[PDB]
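Contents: one structure, followed by commentary.
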Amino acid sequence: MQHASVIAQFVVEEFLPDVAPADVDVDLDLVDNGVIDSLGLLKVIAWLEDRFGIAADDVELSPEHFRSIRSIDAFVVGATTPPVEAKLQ
Ligand SMILES: *P(=O)(O)OCC(C)(C)[C@H](O)C(=O)NCCC(=O)NCCS
């Protein structure tokens, strides 16, 4: 897990940026925020894939992928771990 704090900040900042993301239990299943799994996922995959040019086929989309931030961290780290100071819309 590299820059794991950025991953929580990346997802948490999108939902609650007025709250310190490092002060949020990053152990919460993003499923509650599943709102991003469909509407945000379409925008994130289209924008995120374009930014790194990663084909969606490389990874399958499913609710289990958002079950926990740690699970996603492994898939992202296994392919690419891009650290960012803040989430870009
Ligand atoms: P949302 O809560 O409608 O997304 C829920 C899940 C993740 C179950 C979604 O239906 C799914 O099967 N996975 C992602 C599908 C997808 O490509 N989303 C973009 C347009 S819905």
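Cβ atoms come from the backbone with ideal geometry, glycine included; neighbour counts cover every protein chain shown. Each reported figure results from applying straightforward, stated rules to the coordinates on display, with no laboratory input.
When the Cα positions of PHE10, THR81, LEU41 are compared along the charge dipole of the stretch 1-88, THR81 comes out farthest toward the positive end, with charges on each C-beta of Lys, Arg, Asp and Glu. Each Cα pair of the chain feeds into the Kirkwood radius, which the Stokes-Einstein equation turns, at 37 °C and 0.692 mPa s, into a diffusion coefficient of 246 µm²/s. Rounded to the nearest 10 degrees, the angle from helix 41-52 to the longest Cα principal axis of the chain is 70 degrees.
Given +1 at the Cβ of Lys and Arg, -1 at the Cβ of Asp and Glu and no other charges, the dipole of the chain around its Cα centre is 180 debye to the nearest 20.
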